[PDB]
Amino acid sequence: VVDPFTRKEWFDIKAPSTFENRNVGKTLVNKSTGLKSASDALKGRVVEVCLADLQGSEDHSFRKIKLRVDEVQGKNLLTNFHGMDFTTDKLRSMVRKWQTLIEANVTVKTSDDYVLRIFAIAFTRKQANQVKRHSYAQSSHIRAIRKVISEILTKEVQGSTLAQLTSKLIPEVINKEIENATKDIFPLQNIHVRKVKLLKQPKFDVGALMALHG
Amino acid sequence: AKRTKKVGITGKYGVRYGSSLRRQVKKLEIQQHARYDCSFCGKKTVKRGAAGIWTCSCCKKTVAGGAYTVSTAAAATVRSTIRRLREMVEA
Amino acid sequence: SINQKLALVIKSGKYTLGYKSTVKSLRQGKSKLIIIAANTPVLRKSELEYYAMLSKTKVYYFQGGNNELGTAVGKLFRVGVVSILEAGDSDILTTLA
Amino acid sequence: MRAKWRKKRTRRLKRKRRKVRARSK
Amino acid sequence: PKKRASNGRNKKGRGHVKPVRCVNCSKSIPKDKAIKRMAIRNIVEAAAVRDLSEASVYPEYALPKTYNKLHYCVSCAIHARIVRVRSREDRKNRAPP
Amino acid sequence: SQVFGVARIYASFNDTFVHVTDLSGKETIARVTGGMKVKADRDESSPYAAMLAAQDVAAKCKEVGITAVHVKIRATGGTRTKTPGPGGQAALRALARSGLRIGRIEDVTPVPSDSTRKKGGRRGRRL
Amino acid sequence: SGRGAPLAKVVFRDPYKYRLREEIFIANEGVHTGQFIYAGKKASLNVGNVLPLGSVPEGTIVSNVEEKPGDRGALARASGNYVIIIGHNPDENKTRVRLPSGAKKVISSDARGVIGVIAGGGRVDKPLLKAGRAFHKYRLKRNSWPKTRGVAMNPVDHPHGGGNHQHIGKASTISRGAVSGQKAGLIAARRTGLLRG
RNA sequence: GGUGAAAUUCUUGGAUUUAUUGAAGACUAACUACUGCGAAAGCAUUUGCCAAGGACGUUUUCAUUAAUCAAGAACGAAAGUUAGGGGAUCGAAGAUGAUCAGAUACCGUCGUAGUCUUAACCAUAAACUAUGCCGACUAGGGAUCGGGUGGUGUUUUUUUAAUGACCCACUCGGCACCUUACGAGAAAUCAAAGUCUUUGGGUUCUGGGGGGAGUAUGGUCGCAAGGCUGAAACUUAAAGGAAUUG
Ligand SMILES: [Mg+2]
Ligand SMILES: [Mg+2]
Ligand SMILES: [Mg+2]
Ligand SMILES: [Mg+2]
Ligand SMILES: [Mg+2]
Ligand SMILES: [Mg+2]
Ligand SMILES: [Mg+2]
Ligand SMILES: [Mg+2]
Ligand SMILES: [Mg+2]
Ligand SMILES: [Mg+2]
Ligand SMILES: [Mg+2]
Ligand SMILES: [Mg+2]
Ligand SMILES: [Mg+2]
């Protein structure tokens, strides 16, 4: 027999506290004996959990949140935000024929030395009492919406560290800004960010992690 | 008058060495004996002294270039990638 | 739009071309503006900057060699530095751009 | 007999036919 | 003779569209000529819904459903009995059902 | 309460893969395929082989600690069929039937922005 | 003479005595007379400058690279040649590099290199066209030209010599362990024949 | 893995499958349409730059400057050729595995050339709408793209103004469609393929039964493959088009 389960310790998962309860679940790895101990091996791990698990309500069923573990405080794993991305069926549900799709990306820097790329997907909307049945744009409104989005998505960042970027990401306050600024150009129905991906992580800043782990 | 139809400068070679070799030599010897624009003084006065040595007959400026051209394509690419690395480190 | 401003000076204002006449115009204080080509040698570029610092004359840096400067003037010869002796109908002096 | 293979069989025939003529000079 | 005024596809004013590949056999198809079915399937079943219901946390969580746009070639569509070959009068009809 | 896993069901044709992980995906728990339970090479994608696979996953899953999973149904994807195999969906029902809990059922079949020309030739595969 | 690449005579100032120090560099593409060349740890990333391999970014094109810090140039010295830099190991400082032959060497981060590519590239693209241009090329290098074939010789002069037809008569792939006087042909050859799959 | 089923191939030297990180090259999904632009071939991620273009508007300007075109030219999918670079996937040649009487075919696994780029060549496609271009006139309807015009019309922008989005009614230009057969056609069908024995708006190109044969020869273009121009001898009573019935 070999049964490498017996040499495992069953650590725990803790989210950042910029959210609701952080009892995500149980990590299962190994015993941290000599010969390439597990104290350092678990440093480079990313976990995938839905946002509605970390917020309770069922309105956030999409936009699953990735958390990157940072330290092991004995029996634990302390995680920071790693990325946000929608679930697959949510893109499929919002993508429909007879509507323009507008997408925009900027690689933007926060107040911290954070380098991370943000997207934004927009779907043109049929207005009420309309008899036209495709609601396409004019291919300059697409560049007008994209230019407005790129200005909005650059002004919300370059303050807004990831400690407070997640506090604007959850309440859809970016979507409010896009609709209140683009609605003069074209009616829109599904405004979303749909993707947060982290590119370059700076120096660790152990103090900044502790703020989100009460 | 047009003295030769296609051999050009390679008419010095007569009929020997093969048409393809003379033609390959023609492309590189036209570059080798051309006159290039001086990036410094702006004049078209750069002529090869030796392979890799390009000298302006005014302003007395010598640049190290290719064997038969002032600048080779792989080296402009090298110069473009060196500078792109430089601003991002300097950023 | 800067070639357009420089071209209008040629047909309406007063100018001098080259270096021996630009320095001599800086020397006697009859230069409003001098434009230096991009590939002008730095030793000549720094002496023009010093001469225009003493005479209190603005300096524009053309984004082009002596070939393009002479074309922007409307000539068919390389121009290293052009000294605007008097503006024409253009706004080249008012807008340093 | 596909027309495009009549074309191909003729080109092999023509390649032979000017090969033998260049020989026969 | 001509079988269809829209020869076999949907192109009048292009001269070329793009090639796409058949789901069933990977055949290169003109994108306007391919038979496009919006393949709609529920995420689980018409039967296993309750079997997942008893064993699911988050009661009636989402009940999702999978989407995918499939492209069929002409031979595979007929062999898979998708387009269901029609009469001379009835083939003019373009209605989805 | 419940120890969430990730089910990560991979269902191609000729075989189905029921590979459960930890909650982070990295650590493997009880990967049993439909091909190891039967020897016919024709039903290795069938519902019964995957059912035998899914049942044997739950047995190896128990006495370990995992009691709920996250379901990630997947086909080959990329430049391939993208329609999940006949064994994949039976594996989910067989997994729930064993008693283990379910949460966040999702499809994770990869979809490209079309590239890397699909195998088969311009005339396709014709038999 | 004897080298395809041009040479740059670069004059420095002696830090410890009032005199000038003339160096002999292999000129890089674009380097001109009157260019200021910078050599050191903190020198700027520009063509012609001498920087340690750890001082430059990944993807940097370098030439005249040192195998060991202080041997004054070993790698990528022929005309048109260069070294690619493909990553660092700052702990126990090494640097992975790509050599002109494609070999992937690991060199210390303190080894120096000149930024850019050796000048004179494309020299071998011209056919020499005739024996006398090979005569003058090797008049300035060494006595290696012309080359009588071994099969054209007698058995006394070569392993390939002799026979009533000109032929090698035994496998021309020779083992690495074979002694001197036997290595004539394809020494230690992994494979032979035209490179084609 | 792959298959109707297998074999070949890899695998306790850990395959496949699960996670993190990258590299390389190619492509631009879903949105994407009986939609757009372009002379055609063609053209679909993002922004910046450069030059161009159609339409619409005009109570601006010139005043026949035009139409079509031998000769003569520019562009011209893919494949292919030369020399570099690139060479992920796919993949003429070839290897191997099957089935089969045989398979040097289909199916399966590899895999050189190629697929990508630059500088040149080639100049061919069912390059098709198998429908030359310019001009006039002849029938009804809706939908749509772009420009414009008019509404005491809706929609949030601050409660409503402007402008943008939408609705309605017109207009022009465009890709198209639906019905009908006035008329046409051998018919299929066609708003042109109509205004043709009641035959004539201008103009260019091409065909004269089927084969031989796009062959032979000559000339010319190309490195080559080949392109363009292009017969005759001889042979033959049909070949062929559209539709009806079986
Ligand atoms: Mg038929
Ligand atoms: Mg076509
Ligand atoms: Mg010899
Ligand atoms: Mg002898
Ligand atoms: Mg001997
Ligand atoms: Mg796209
Ligand atoms: Mg469009
Ligand atoms: Mg002609
Ligand atoms: Mg033709
Ligand atoms: Mg035709
Ligand atoms: Mg149109
Ligand atoms: Mg006749
Ligand atoms: Mg005839």
# chains A, B, ... in the order shown; residues from 1 in each chain; ligands from 1
>>> residues_near_ligand(ligand="ligand 5", cutoff="12 Å", atoms="only C-alpha atoms (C1' of nucleotides) and all ligand atoms", output="list in words")
residues 150, 151, 153, 154, 155, 156, 157, 158, 159, 160, 161, 162, 163, 168, 169, 170, 181, 182, 183 and 184 of chain G
>>> write_last_selection(atoms="N, CA and C atoms", output="JSON list (two decimals), in the first residue's frame")
[["chain", "number", "residue", "atom", "x", "y", "z"],
["G", 150, "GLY", "N", 40.71, 13.83, -50.30],
["G", 150, "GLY", "CA", 41.40, 12.63, -49.85],
["G", 150, "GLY", "C", 41.29, 11.48, -50.83],
["G", 151, "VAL", "N", 40.12, 11.33, -51.46],
["G", 151, "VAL", "CA", 39.93, 10.26, -52.44],
["G", 151, "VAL", "C", 40.77, 10.48, -53.69],
["G", 153, "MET", "N", 43.87, 11.16, -53.62],
["G", 153, "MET", "CA", 45.23, 10.94, -53.18],
["G", 153, "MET", "C", 45.60, 9.47, -53.33],
["G", 154, "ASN", "N", 46.80, 9.13, -52.90],
["G", 154, "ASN", "CA", 47.25, 7.76, -52.76],
["G", 154, "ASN", "C", 46.94, 7.25, -51.36],
["G", 155, "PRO", "N", 46.96, 5.93, -51.14],
["G", 155, "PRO", "CA", 46.77, 5.44, -49.76],
["G", 155, "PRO", "C", 47.82, 5.91, -48.78],
["G", 156, "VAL", "N", 49.04, 6.20, -49.26],
["G", 156, "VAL", "CA", 50.09, 6.69, -48.37],
["G", 156, "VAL", "C", 49.74, 8.06, -47.80],
["G", 157, "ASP", "N", 48.94, 8.86, -48.51],
["G", 157, "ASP", "CA", 48.69, 10.24, -48.10],
["G", 157, "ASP", "C", 47.38, 10.43, -47.36],
["G", 158, "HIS", "N", 46.49, 9.43, -47.34],
["G", 158, "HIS", "CA", 45.16, 9.64, -46.78],
["G", 158, "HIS", "C", 44.47, 8.30, -46.54],
["G", 159, "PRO", "N", 43.58, 8.22, -45.54],
["G", 159, "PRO", "CA", 42.72, 7.03, -45.42],
["G", 159, "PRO", "C", 41.83, 6.80, -46.63],
["G", 160, "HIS", "N", 41.39, 7.87, -47.31],
["G", 160, "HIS", "CA", 40.50, 7.75, -48.46],
["G", 160, "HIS", "C", 41.24, 7.50, -49.76],
["G", 161, "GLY", "N", 42.57, 7.43, -49.74],
["G", 161, "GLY", "CA", 43.32, 7.40, -50.98],
["G", 161, "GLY", "C", 43.38, 6.03, -51.62],
["G", 162, "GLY", "N", 43.64, 6.03, -52.92],
["G", 162, "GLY", "CA", 43.84, 4.81, -53.67],
["G", 162, "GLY", "C", 42.56, 4.20, -54.19],
["G", 163, "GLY", "N", 42.74, 3.10, -54.90],
["G", 163, "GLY", "CA", 41.62, 2.43, -55.54],
["G", 163, "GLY", "C", 41.63, 2.67, -57.03],
["G", 168, "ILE", "N", 35.60, 6.24, -51.16],
["G", 168, "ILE", "CA", 36.06, 6.18, -49.78],
["G", 168, "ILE", "C", 36.31, 4.73, -49.36],
["G", 169, "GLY", "N", 35.40, 3.82, -49.71],
["G", 169, "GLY", "CA", 35.60, 2.40, -49.51],
["G", 169, "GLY", "C", 35.27, 1.88, -48.13],
["G", 170, "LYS", "N", 35.06, 2.76, -47.15],
["G", 170, "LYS", "CA", 34.63, 2.40, -45.81],
["G", 170, "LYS", "C", 33.86, 3.59, -45.27],
["G", 181, "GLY", "N", 45.07, 10.71, -37.31],
["G", 181, "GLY", "CA", 45.40, 9.99, -38.52],
["G", 181, "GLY", "C", 44.26, 9.13, -39.03],
["G", 182, "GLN", "N", 43.26, 8.88, -38.20],
["G", 182, "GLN", "CA", 42.05, 8.16, -38.58],
["G", 182, "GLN", "C", 40.85, 9.07, -38.75],
["G", 183, "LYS", "N", 40.83, 10.21, -38.08],
["G", 183, "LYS", "CA", 39.71, 11.15, -38.18],
["G", 183, "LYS", "C", 39.86, 11.94, -39.47],
["G", 184, "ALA", "N", 39.37, 11.35, -40.56],
["G", 184, "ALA", "CA", 39.26, 12.03, -41.84],
["G", 184, "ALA", "C", 37.89, 11.66, -42.40]]
>>> interface_residues(of="chain H", to="chain D", cutoff="10 Å", atoms="only C-alpha atoms (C1' of nucleotides)", output="VMD selection string")
chain H and resid 214 to 215 226
>>> write_last_selection(atoms="N, CA, C and O atoms (P, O5', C5', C4', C3', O3' and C1' of nucleotides)", output="PDB file, in the first residue's frame")
ATOM      1  P     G H 214      -9.329  20.210 -75.610  1.00  0.00           P
ATOM      2  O5'   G H 214      -9.188  21.761 -75.273  1.00  0.00           O
ATOM      3  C5'   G H 214      -7.984  22.293 -74.730  1.00  0.00           C
ATOM      4  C4'   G H 214      -7.038  22.760 -75.810  1.00  0.00           C
ATOM      5  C3'   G H 214      -5.755  23.427 -75.309  1.00  0.00           C
ATOM      6  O3'   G H 214      -4.703  23.151 -76.231  1.00  0.00           O
ATOM      7  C1'   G H 214      -6.898  24.917 -76.701  1.00  0.00           C
ATOM      8  P     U H 215      -3.186  23.037 -75.725  1.00  0.00           P
ATOM      9  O5'   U H 215      -2.525  22.005 -76.739  1.00  0.00           O
ATOM     10  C5'   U H 215      -2.656  20.606 -76.544  1.00  0.00           C
ATOM     11  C4'   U H 215      -2.649  19.865 -77.855  1.00  0.00           C
ATOM     12  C3'   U H 215      -1.570  20.286 -78.836  1.00  0.00           C
ATOM     13  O3'   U H 215      -0.319  19.682 -78.559  1.00  0.00           O
ATOM     14  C1'   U H 215      -3.654  20.110 -79.958  1.00  0.00           C
ATOM     15  P     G H 226       3.554  22.196 -67.507  1.00  0.00           P
ATOM     16  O5'   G H 226       2.272  23.121 -67.326  1.00  0.00           O
ATOM     17  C5'   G H 226       1.937  24.104 -68.293  1.00  0.00           C
ATOM     18  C4'   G H 226       1.977  25.485 -67.695  1.00  0.00           C
ATOM     19  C3'   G H 226       1.335  26.599 -68.507  1.00  0.00           C
ATOM     20  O3'   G H 226      -0.077  26.632 -68.395  1.00  0.00           O
ATOM     21  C1'   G H 226       3.452  27.302 -67.803  1.00  0.00           C
TER      22        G H 226
END
>>> atom_distance(atom1="CA of residue 12 in chain E", atom2="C1' of residue 76 in chain H")
20.8 Å
>>> residues_near_ligand(ligand="ligand 13", cutoff="10 Å", atoms="only C-alpha atoms (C1' of nucleotides) and all ligand atoms", output="MDAnalysis selection string")
chainID H and resid 207:211
>>> write_last_selection(atoms="N, CA and C atoms (P, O5', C5', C4', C3', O3' and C1' of nucleotides)", output="PDB file, in the first residue's frame")
ATOM      1  P     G H 207     -14.782  33.698 -81.092  1.00  0.00           P
ATOM      2  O5'   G H 207     -16.180  32.943 -81.008  1.00  0.00           O
ATOM      3  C5'   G H 207     -16.413  31.908 -80.064  1.00  0.00           C
ATOM      4  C4'   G H 207     -17.763  31.284 -80.294  1.00  0.00           C
ATOM      5  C3'   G H 207     -18.012  30.816 -81.720  1.00  0.00           C
ATOM      6  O3'   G H 207     -17.535  29.500 -81.930  1.00  0.00           O
ATOM      7  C1'   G H 207     -19.833  32.140 -80.984  1.00  0.00           C
ATOM      8  P     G H 208     -16.855  29.093 -83.323  1.00  0.00           P
ATOM      9  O5'   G H 208     -18.087  28.749 -84.269  1.00  0.00           O
ATOM     10  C5'   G H 208     -19.174  27.961 -83.795  1.00  0.00           C
ATOM     11  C4'   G H 208     -20.269  27.843 -84.824  1.00  0.00           C
ATOM     12  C3'   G H 208     -19.786  27.569 -86.251  1.00  0.00           C
ATOM     13  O3'   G H 208     -20.602  26.577 -86.860  1.00  0.00           O
ATOM     14  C1'   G H 208     -21.184  29.486 -86.215  1.00  0.00           C
ATOM     15  P     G H 209     -20.146  25.041 -86.831  1.00  0.00           P
ATOM     16  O5'   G H 209     -21.495  24.275 -86.503  1.00  0.00           O
ATOM     17  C5'   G H 209     -22.175  24.503 -85.281  1.00  0.00           C
ATOM     18  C4'   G H 209     -22.639  23.203 -84.694  1.00  0.00           C
ATOM     19  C3'   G H 209     -21.587  22.395 -83.958  1.00  0.00           C
ATOM     20  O3'   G H 209     -21.365  22.845 -82.633  1.00  0.00           O
ATOM     21  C1'   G H 209     -22.730  20.987 -85.448  1.00  0.00           C
ATOM     22  P     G H 210     -19.899  22.750 -81.987  1.00  0.00           P
ATOM     23  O5'   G H 210     -19.768  21.219 -81.570  1.00  0.00           O
ATOM     24  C5'   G H 210     -20.767  20.593 -80.779  1.00  0.00           C
ATOM     25  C4'   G H 210     -20.609  19.095 -80.775  1.00  0.00           C
ATOM     26  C3'   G H 210     -19.257  18.578 -80.325  1.00  0.00           C
ATOM     27  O3'   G H 210     -19.136  18.574 -78.914  1.00  0.00           O
ATOM     28  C1'   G H 210     -19.946  17.425 -82.275  1.00  0.00           C
ATOM     29  P     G H 211     -17.699  18.744 -78.224  1.00  0.00           P
ATOM     30  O5'   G H 211     -16.894  17.476 -78.741  1.00  0.00           O
ATOM     31  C5'   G H 211     -15.509  17.545 -79.027  1.00  0.00           C
ATOM     32  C4'   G H 211     -15.060  16.315 -79.769  1.00  0.00           C
ATOM     33  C3'   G H 211     -13.568  16.182 -80.003  1.00  0.00           C
ATOM     34  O3'   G H 211     -12.890  15.686 -78.865  1.00  0.00           O
ATOM     35  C1'   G H 211     -14.730  15.690 -81.998  1.00  0.00           C
TER      36        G H 211
END
>>> residues_near_ligand(ligand="ligand 1", cutoff="12 Å", atoms="only C-alpha atoms (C1' of nucleotides) and all ligand atoms", output="list in words")
residues 1, 2, 3 and 4 of chain E; 188 of chain H
>>> write_last_selection(atoms="N, CA and C atoms (P, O5', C5', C4', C3', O3' and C1' of nucleotides)", output="PDB file, in the first residue's frame")
ATOM      1  N   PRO E   1     -29.752  22.825 -64.893  1.00  0.00           N
ATOM      2  CA  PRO E   1     -30.235  24.205 -64.806  1.00  0.00           C
ATOM      3  C   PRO E   1     -30.083  24.774 -63.405  1.00  0.00           C
ATOM      4  N   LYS E   2     -30.337  26.072 -63.257  1.00  0.00           N
ATOM      5  CA  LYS E   2     -30.241  26.709 -61.952  1.00  0.00           C
ATOM      6  C   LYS E   2     -31.282  26.135 -61.001  1.00  0.00           C
ATOM      7  N   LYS E   3     -30.824  25.678 -59.838  1.00  0.00           N
ATOM      8  CA  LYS E   3     -31.723  25.104 -58.847  1.00  0.00           C
ATOM      9  C   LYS E   3     -32.278  26.157 -57.900  1.00  0.00           C
ATOM     10  N   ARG E   4     -31.441  27.098 -57.467  1.00  0.00           N
ATOM     11  CA  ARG E   4     -31.831  28.121 -56.508  1.00  0.00           C
ATOM     12  C   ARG E   4     -31.357  29.480 -57.002  1.00  0.00           C
TER      13      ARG E   4
ATOM     14  P     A H 188     -41.539  27.078 -67.257  1.00  0.00           P
ATOM     15  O5'   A H 188     -40.214  26.810 -66.413  1.00  0.00           O
ATOM     16  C5'   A H 188     -39.898  25.518 -65.915  1.00  0.00           C
ATOM     17  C4'   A H 188     -38.469  25.459 -65.437  1.00  0.00           C
ATOM     18  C3'   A H 188     -38.077  26.540 -64.445  1.00  0.00           C
ATOM     19  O3'   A H 188     -38.440  26.221 -63.114  1.00  0.00           O
ATOM     20  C1'   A H 188     -36.458  26.431 -66.160  1.00  0.00           C
TER      21        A H 188
END
>>> residues_near_ligand(ligand="ligand 9", cutoff="9 Å", atoms="only C-alpha atoms (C1' of nucleotides) and all ligand atoms", output="list in words")
residues 124, 125 and 127 of chain H
>>> residues_around(residues="residue 7 in chain A", least_positions_apart="6", cutoff="9 Å", atoms="only C-alpha atoms (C1' of nucleotides)", output="PyMOL selection string")
chain A and resi 29-32
>>> write_last_selection(atoms="N, CA and C atoms", output="tab-separated table (two decimals), in the first residue's frame")
chain	number	residue	atom	x	y	z
A	29	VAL	N	-3.64	19.27	1.50
A	29	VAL	CA	-2.37	19.18	0.78
A	29	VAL	C	-1.47	18.01	1.19
A	30	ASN	N	-0.86	18.08	2.38
A	30	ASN	CA	0.32	17.28	2.68
A	30	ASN	C	0.81	17.50	4.11
A	31	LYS	N	1.87	16.80	4.49
A	31	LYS	CA	2.60	17.05	5.73
A	31	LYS	C	3.88	17.81	5.42
A	32	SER	N	4.18	18.81	6.25
A	32	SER	CA	5.31	19.71	5.99
A	32	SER	C	6.61	19.19	6.61
>>> atom_distance(atom1="CA of residue 16 in chain C", atom2="CA of residue 72 in chain C")
13.6 Å
>>> residues_near_ligand(ligand="ligand 11", cutoff="7 Å", atoms="only C-alpha atoms (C1' of nucleotides) and all ligand atoms", output="ChimeraX atom specification")
/H:36,145,174-175
>>> closest_residue(among="B:61, B:76, B:54, B:43", to="chain C", atoms="only C-alpha atoms")
B:43
>>> residues_around(residues="residue 146 in chain G", least_positions_apart="5", cutoff="10 Å", atoms="only C-alpha atoms (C1' of nucleotides)", output="MDAnalysis selection string")
chainID G and resid 131 134:135 138
>>> residues_around(residues="residue 42 in chain H", least_positions_apart="3", cutoff="8 Å", atoms="only C-alpha atoms (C1' of nucleotides)", output="list in words")
residues 15 and 16 of chain E; 38 and 77 of chain H
>>> interface_residues(of="chain H", to="chain A", cutoff="9 Å", atoms="only C-alpha atoms (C1' of nucleotides)", output="list in words")
residues 19, 20, 30, 31, 32, 33, 46, 154, 155, 156, 157, 164, 165, 166 and 167 of chain H
>>> residues_around(residues="range 165-172 of chain A", least_positions_apart="3", cutoff="10 Å", atoms="only C-alpha atoms (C1' of nucleotides)", output="MDAnalysis selection string")
chainID A and resid 18:19 51 55 60 63 81 84 110 156:157 159:162 175:177 191:193 196
>>> residues_near_ligand(ligand="ligand 8", cutoff="9 Å", atoms="only C-alpha atoms (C1' of nucleotides) and all ligand atoms", output="JSON, numbers by chain")
{"H": [70, 71, 72, 73]}
>>> write_last_selection(atoms="C-alpha atoms (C1' of nucleotides)", output="PDB file, in the first residue's frame")
ATOM      1  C1'   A H  70      -8.280  47.782 -80.846  1.00  0.00           C
ATOM      2  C1'   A H  71      -2.906  48.870 -79.646  1.00  0.00           C
ATOM      3  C1'   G H  72      -1.103  49.674 -75.093  1.00  0.00           C
ATOM      4  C1'   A H  73      -1.103  49.246 -69.577  1.00  0.00           C
TER       5        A H  73
END
